Each structure stands twice: as C-alpha cells, then as structure tokens.
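The block underneath contains the structure these notes are about, expressed in structure tokens.
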Amino acid sequence: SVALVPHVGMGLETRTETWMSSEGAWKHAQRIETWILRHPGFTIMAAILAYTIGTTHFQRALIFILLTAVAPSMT
Amino acid sequence: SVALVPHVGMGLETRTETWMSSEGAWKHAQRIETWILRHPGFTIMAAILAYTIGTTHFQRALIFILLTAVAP
Amino acid sequence: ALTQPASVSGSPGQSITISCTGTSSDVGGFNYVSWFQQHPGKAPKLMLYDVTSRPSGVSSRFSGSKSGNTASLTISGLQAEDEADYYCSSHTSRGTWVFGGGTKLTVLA
Amino acid sequence: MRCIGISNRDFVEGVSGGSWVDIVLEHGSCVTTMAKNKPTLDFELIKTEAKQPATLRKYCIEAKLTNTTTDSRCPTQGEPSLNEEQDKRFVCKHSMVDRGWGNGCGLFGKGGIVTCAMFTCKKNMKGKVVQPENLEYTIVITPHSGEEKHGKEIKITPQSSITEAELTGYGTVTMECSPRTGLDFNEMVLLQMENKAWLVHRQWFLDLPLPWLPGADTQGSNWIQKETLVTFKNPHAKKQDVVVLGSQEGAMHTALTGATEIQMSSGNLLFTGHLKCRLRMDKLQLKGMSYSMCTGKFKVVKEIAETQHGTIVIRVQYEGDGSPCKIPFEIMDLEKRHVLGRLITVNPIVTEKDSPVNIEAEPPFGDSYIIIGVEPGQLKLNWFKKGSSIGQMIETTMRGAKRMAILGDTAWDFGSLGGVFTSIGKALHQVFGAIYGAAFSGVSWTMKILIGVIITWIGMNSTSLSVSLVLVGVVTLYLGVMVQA
Amino acid sequence: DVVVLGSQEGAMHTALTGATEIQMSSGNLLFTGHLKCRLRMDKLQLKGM
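Residue numbers (the numbering used here), protein chains in the order written: chain A, 1114 to 1188; chain B, 122 to 193; chain C, 27 to 135; chain D, 254 to 738; chain E, 2 to 50.
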C-alpha cells in the first residue's frame, strides 16, 4: 500500500522537524532486527551464501547485509 | 508499521487462496519498477558500484539486484 | 418474460406438447427449467424439475425436453384430473427467477 | 456424485490387507475412493467449527486523545513531572524546549518539557485462541448411487476421532481421523475484525506494533506501548503537541497478505486447512449386487458430459421390466474386441424402473464406446477423449508435486497403504521439510526464487555436491513459483 | 465476492513520514522553508546617536 512507498529522502527536508523524524529513522532497525531474531535460519543460510559467492571478506559481508535487508523488505 | 511486516511466508498457506494473494503477488515488483523508473540515477550508481566491487559477472548482477531491491 | 400459449386443449388419453419460450440467459443457457401445477384454489405443486429428470411421487406421464431457447412439456394419456394451471419457471442468469404467463389445460368431454 | 464438477478431484486406488487406506481431505476439495470389490465413495471436508474461543489480546486500531496537558521546566532543573505521568492511560513524552527571558524564566538554555494526553480507543480488533480439543470437523459421505441429504454427515472431534457412517444399503464405513497433526492451533490465533476474520499465526499476532489489552480486560485502561499509535512533534523546538495516528484497519488489511480469511459471524466457521484421516472399509456392501440384467431397452436423458478429470457422467432411464436389475455398462471398442475403460460408479443399479440413474466412467484416450443394455435395442455411444497417456501422466506428476509442496510430510499419507517405501519417503521428506521450515520461515516468494537461482548457479559451477545443490535449487524454485505468498 | 479494504488514513500517516506538518484548516499557513534575501541597510541610523 501507500505505507510501502513513504516520502523519505526526496530532497524536501528542511530545518523544521518532519512528521516521523525520531522513530521514523529507526522502524527499519527495529523491524529488521526483530525479523533476524525471529527467523535465524534464514540469517544462517545467508551467511553460508555470503561465504560461498563472496571471494573477499568485504564483498562477503556486503552480500550478507544486503540479503538480510531484503529478507524483511521483500516481504 | 504493520504494512511493513505482512503475514507472508510463515508456512500456513493451504489450497484455498489467501487474503491479498492475487493483488499482493506482484505489488512489490510493481513498486520497485516504478521506483527504478522514477529514480534512474541511483540505479546507474548501483550498477557502477556492482561493476567495481565484484570479481565475476554473476556477483556483479547479484549486487546490482540486491542494491536495487533494498533501496525502496 | 417467458412466452407460452395462453390455453392448450386436447382429447383425454391423447399425447400433447406444450412449450415455454424465454431467452438465452434463462432458458437456452441453463437447465433450471421446472414446471408447476396450480390447482384452482390450491397451492402450486411441482410436477417436473430438471426436465431431463422427474420428481418423486409424480407419474411418468409428464415428460419435459428443451430444444434450444424453447422448453417443452409433453403429457401422455390425458385424463380428467390433468385440468389445472401449469406454470414454467426458470432461474435466470442474473440470479433472479422468471415465471411463465400461466397455461390452462382443457380436456374434452 | 457431490464431487462431480469440482476441479479439485482426486482418485485413490487399491486397499491393503486390512482394507485400510490413508486419505487426506482439504477444504474446498474432495476425494473419490474405490477398490476391486468395494463401493465407490466421495469424501469431502465441508466445515470446521470451534466452539469455545478465548480472547488472547485486543489490538486497538482507532484511538482518540483528550485532556491534553503540558508542563515546562527551566533549563538545568531536570525534567518536569505530572501526576498523569504515572497514570498510564495518559501517553507521555519528554522533549527539550528553548527557554529564556521572553519565556518567563530567568535563564537561557535547553528547558525541559512534558506533555500527556488521555488515550481512549474507539474500536478494536480481537484475537481469539482456541484449544485444539474444541474443534469440530464435518464430513459428508455420499456414495455413487446414481440418484439424481443424499450423503451422510459425520462429525470428528479431537477427543473422539473414532466414528463410522451407516450407509443405506452399503452397510457401514469406518473412518477414524487424527486431527492432532492436521493444524497446530496451539500456535494459531483467530484474528477477528469488525465483520471479517483471519486465521493467523499466534507468534506473528503477539508482536504486532499496536496498543493492546489483556484478553480478560474489560474496563479498557491497560494499554501497552501506546507510542506506536500516537506521535509527538517539535517543529521548532519550542512547544510539543501530541496527535493521534489514523485508522489502522486498512493498514492491518494490507498486513494480512498471506492470511486466510475465515468466518466468525455466526460461529467459528473455518473453510481452510487439511485433514489426514484413516479410512477403513471392512464392512461396505453394494446395493443389490445380486440382481440380474435389465433385458429391456434404455434411452439417454442427458448426453455425454466431460469433467476436468477425464471421466464421463451419464443419466439414463430404463423402460423394461425386471426392475430392480443390473445395468449392463462397459467400455468396448468398435469391433468389440477388448475392454478399454473402467467404471467409476461400480455396479450401476436400477433402483426403480421410472427413476433415472447417473453413471460414471473413465474412457481411455482416443475413440471410446459406451455399451448400454443388450440386444435388441442396445445403446452404443461415440465419445472421443481429447488428450494422451503422456499428457495424463505429466499432469498427474505436477498434481502430485504441488500436493507434496502444499501438504508437507502429510502428502505421503494421501494414498499410503502402510508400505515401507511410503514410510521411508514420509520420514525423509519430514526431516527435509523441518530443515526447510527452520530455514525459510517468514520469507517472501520472490526471495525464494532468488535463493533458488543462487543455489542452482552454485551447483552448476561446483559432482555429488553439484547434483545435490541443483536439486535443492530447482525444488526451491518450484516451491517459490507454486506458493501463493 | 468483493469486499472493500479498510481505512487508508493510518497507512497514509505511516506514508507521510518525511512530509512536513503544515496547517491549512483556516487559510494555508506554512511554518517551514527558507527565504534568500538581499538586505539593504543604506538608510539605517543609530537611534539616539
């Protein structure tokens, strides 16, 4: 719905506080961390996948983070 | 919000159709495609970054797709 | 509405055919073709539903068949008690029900 | 006959030594059973009923705020406190506000501020939990009698899952179920809105970001985490105000994408889920299986009909004498050499001379001929079957694969006869499904296709490990494409 | 069967996270934004000089 397309970071921010500054900066961190703590098996599988495709440590961590971010967002 | 945490993929689906089955099947793809069309600069930057970071074409494409998907 | 002859008469012990005609949405498309007998001063009673089949407790004299947009009722061996009002009913496509104009059956003395 | 016309029709063949066959029933679907010398029966799960619902918690979706209060403090004097701050009906927040001489205070700096407003909820949604023993299962048992309340309705309870149905003329059929393993309502909750209801996972229901009450609360003042439904603003860091968020019922509806809608208007009516039941057909009989032939003629009253499953349904009428008598029905070829088909409605019988009878048959692919009666006046029909044996086999294998995907380990019990191979397959797929559920719990389908692509590529580029990986990848891709959500 | 979805005002509020709160119930009033200005202090003079 409209909640999946919030008006975030479109270049209209000003000095005045916006509608959902404080906790709107973080509903990401909370919902992704809750998803991680609720479905650890997917996090483990993403860890093996990152170790497999990734050749250097940096790209391994990058792939792992992107997969972990997609997992709740794609839902 | 609740719309960010849908009751999807929890292993309870049966033969009868779910609530938002047909409409919700491709809505994420539609919004991602619209965001890609309306924000081309980030897509180009993500393609460049995926080209630089990876070592093989497969992970170039993989990083591109992941970066594109996460951004919305 | 449903179009059918107002009155049909025949000799007793004979075979007669009466037809009910509607449109494609109710008669020509569905098998919801049923016939009801209305005695004078008495409640209607079904003599035939699903014209290919017959109800229980109804004599096999009554037979129904559908030819395209027209549904026909055939009675073999006309008798005195058959003189009653007969109605053709169809469940239309739109979910409602349509009835015929009512037919009076006359048996010659 | 009640299963005629439903695209979710399934067939089970053969019986074991004990005349027992495991079968599985789903809402909206039904199965047809037949054996060598047993009547053909139809099994359909029509109703799931829960008698005793228990309210777990109430989630508020519209709220109103009144009695807004504000208290301010000069800088370096801590934060102000109000007696409604403990009163947890009043949501409160502390911010910081510029203070100075123009604000009536002798110092300049970051001044404390606090605002509280009474939290009143207009309407809310209820989450009802039901113990497994309070479930009622309704099963209709209609045999292929050929008749134009035809079947028998039986009820299954978790505490008493042993039952049998007395079929008029067929004897008695014993059907014992095991609802403890069908759906685990111990981890399920029946979410109920103003007029619509959904069956969602209990754990996903508990952690919803809404104000909530204990299920037994009645007065309505024990709301937890009201901050998720109200917001505070500091547009210029000079005064904070609190306003309510909008109605979340649309947001909640968007949040139930993968939920299954149920009915809770006139009781806990559930039209979802499956049921693995144990069928015993020791004491079934055939109506009048000793009568002789119908030597008379016949006439078709309703012509050939093709279902979605390759079978034919015929209503025919008898006009000869000797009723009741057996109906001569058999699928022969043109020159009458070899039997080509089999009768789904085993032993067609004429109960009454003027009563039409419905007959079912499964013709082979290609030219098929229906033989009715005997000379003179024998009827021969000319229906042709569109398809091929390979096409039927491949459609069967997709149906079996999708059934496996959507039933998990219970799919091996659809037509299990107690064989050792069936048990081994059930155990292997059970452990594999346990691993899969512990792996891909709460993940979207498109992500499943992405994962399947990843492991397929890995297996292609990396030999036993390679083949195992590509098999896992293709299975995951099939699961993702076949799953609705 | 067709059923109407719920109220989207809460979803809209969750979608307006980055928007700026403005009041226009009684006339369009805004309390945000910036204004570049060229200040000319040519004719100013010290009071009580």
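Think of the CB as a built atom: it goes at the ideal place given N, C-alpha and C, for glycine as much as any other residue.
Residue closest to residue i, alpha-carbon to alpha-carbon, out of the options
i                   : options                                   : result
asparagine 57/C     : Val34/C, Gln105/C, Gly94/C and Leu131/C   : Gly94/C
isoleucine 299/D    : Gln305/D, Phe438/D and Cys283/D           : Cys283/D
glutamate 502/D     : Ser334/D, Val426/D, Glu302/D and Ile314/D : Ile314/D
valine 483/D        : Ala316/D, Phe667/D and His506/D           : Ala316/D
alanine 658/D       : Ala738/D, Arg255/D and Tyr731/D           : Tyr731/D
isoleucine 153/B    : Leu1117/A, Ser1134/A and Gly1122/A        : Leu1117/A
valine 442/D        : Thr425/D, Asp460/D and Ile602/D           : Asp460/D
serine 102/C        : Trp123/C, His117/C, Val59/C and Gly90/C   : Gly90/C
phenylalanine 125/C : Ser98/C, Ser41/C and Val59/C              : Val59/C
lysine 655/D        : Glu386/D, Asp263/D, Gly712/D and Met254/D : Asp263/D
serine 116/C        : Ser41/C, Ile42/C and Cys46/C              : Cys46/C
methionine 287/D    : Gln538/D, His506/D, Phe372/D and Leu681/D : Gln538/D
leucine 532/D       : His506/D, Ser414/D and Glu332/D           : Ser414/D
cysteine 430/D      : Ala687/D, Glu389/D and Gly468/D           : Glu389/D
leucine 309/D       : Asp470/D, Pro328/D, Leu318/D and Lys346/D : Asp470/D
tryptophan 1148/A   : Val129/B, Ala167/B and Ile184/B           : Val129/B
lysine 479/D        : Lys491/D, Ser260/D, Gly468/D and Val496/D : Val496/D
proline 81/C        : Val728/D, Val610/D, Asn387/D and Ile643/D : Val610/D
Whole-Å CB distance - residue i paired with residue j, under 8 Å assumed
i                : j                : result
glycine 281/D    : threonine 560/D  : Not confirmed; about 17 Å, so no contact.
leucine 170/B    : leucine 188/B    : 7 Å
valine 383/D     : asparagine 521/D : 7 Å
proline 1119/A   : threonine 21/E   : In fact, because the Cβ distance is near 14 Å, the residues do not count as touching under 8 Å.
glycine 695/D    : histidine 1141/A : Going by Cβ atoms, the distance from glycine 695/D to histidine 1141/A rounds to 17 Å, so no, they are not a contact pair.
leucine 670/D    : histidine 527/D  : Going by Cβ atoms, the distance from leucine 670/D to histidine 527/D rounds to 20 Å, so no, they are not a contact pair.
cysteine 369/D   : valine 344/D     : 7 Å
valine 393/D     : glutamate 302/D  : Not a contact, Cβ separation roughly 14 Å.
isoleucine 366/D : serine 334/D     : Contact flag wrong, Cβ pair sits at about 12 Å.
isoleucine 623/D : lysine 633/D     : 7 Å
Limits of the beta strand (DSSP E) - the one that residue i falls within
i                : result
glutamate 502/D  : Segment 502 to 508 is the alpha helix (DSSP H) holding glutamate 502/D; no beta strand (DSSP E) there.
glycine 686/D    : Taken as a continuous stretch (DSSP letters only), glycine 686/D belongs to no beta strand (DSSP E), being part of the alpha helix (DSSP H) at 673 to 692.
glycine 380/D    : 362 to 382
residue 746/D    : The requested residue 746/D does not occur in the structure, where chain D is confined to residues 254 to 738.
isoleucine 708/D : Not the beta strand (DSSP E): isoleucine 708/D falls in the alpha helix (DSSP H), residues 698 to 714.
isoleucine 392/D : 388 to 396
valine 442/D     : 441 to 445
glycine 36/C     : 33 to 36
Cβ-Cβ distance between residue i and residue j below 8 Å
i                : j                   : result
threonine 129/C  : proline 66/C        : no
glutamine 493/D  : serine 348/D        : yes
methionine 534/D : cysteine 578/D      : no
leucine 596/D    : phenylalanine 582/D : yes
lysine 311/D     : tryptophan 465/D    : yes
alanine 190/B    : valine 1183/A       : yes
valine 569/D     : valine 554/D        : yes
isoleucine 580/D : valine 603/D        : yes
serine 37/C      : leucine 104/C       : yes
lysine 376/D     : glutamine 445/D     : no
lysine 408/D     : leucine 420/D       : no
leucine 722/D    : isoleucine 708/D    : yes
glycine 640/D    : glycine 563/D       : yes
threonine 481/D  : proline 462/D       : yes
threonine 416/D  : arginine 255/D      : no
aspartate 666/D  : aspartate 340/D     : no
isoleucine 584/D : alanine 614/D       : yes
First and last residue of the uninterrupted alpha helix (DSSP H) at residue i
i                : result
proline 1185/A   : 1170 to 1186
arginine 152/B   : 148 to 159
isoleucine 259/D : It is not in any alpha helix (DSSP H) - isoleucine 259/D carries neither H nor E in the DSSP assignment.
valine 723/D     : 717 to 735
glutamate 337/D  : 336 to 339
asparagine 521/D : From DSSP, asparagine 521/D is part of no alpha helix (DSSP H) but of the beta strand (DSSP E) over 521 to 523.
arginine 455/D   : 455 to 459
Contact list for residue i against chain G, beta-carbon separation under 7 Å
i            : result
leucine 36/E : Going by chain labels, chain G is absent from the structure shown, which instead holds the protein chains A, B, C, D and E.
**Interface residues of the stretch 567 to 578 of chain D facing chain C [CB-CB below 8 Å]** = Closer than 8 Å at the C-beta level to chain C, one finds these residues of the stretch 567 to 578 of chain D: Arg568.
**Asked** Going along the stretch 503 to 524 of chain D in order, which residues come within less than 8 Å of chain A, judged by CB to CB distance?
**Response** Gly503, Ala504 and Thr507
**Message:** Using a Cβ-Cβ cutoff of 9 Å, what residues of the stretch 1114 to 1125 of chain A are near chain E? List them in chain order.
**Reply:** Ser1114, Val1115, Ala1116, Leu1117, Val1118, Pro1119, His1120, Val1121, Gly1122, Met1123 and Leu1125
**Message:** For the stretch 136 to 161 of chain B, list every residue whose C-beta sits within 8 Å of some C-beta in chain D, in sequence order.
**Reply:** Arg136, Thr137, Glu138, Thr139, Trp140, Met141, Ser142, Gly145, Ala146, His149 and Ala150
**Asked** Any residues in the stretch 649 to 672 of chain D with a beta carbon nearer than 8 Å to a beta carbon of chain B? Which ones, in chain order?
**Response** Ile659
**Request:** Check distances from the C-beta atoms of the stretch 386 to 404 of chain D to those of chain C and list, in chain order, the residues that come in under 8 Å.
**Result:** Hits within the stretch, in order: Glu401.
**Message:** Against chain C, which members of the stretch 538 to 563 of chain D pass a CB distance test of less than 8 Å?
**Reply:** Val554 and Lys555
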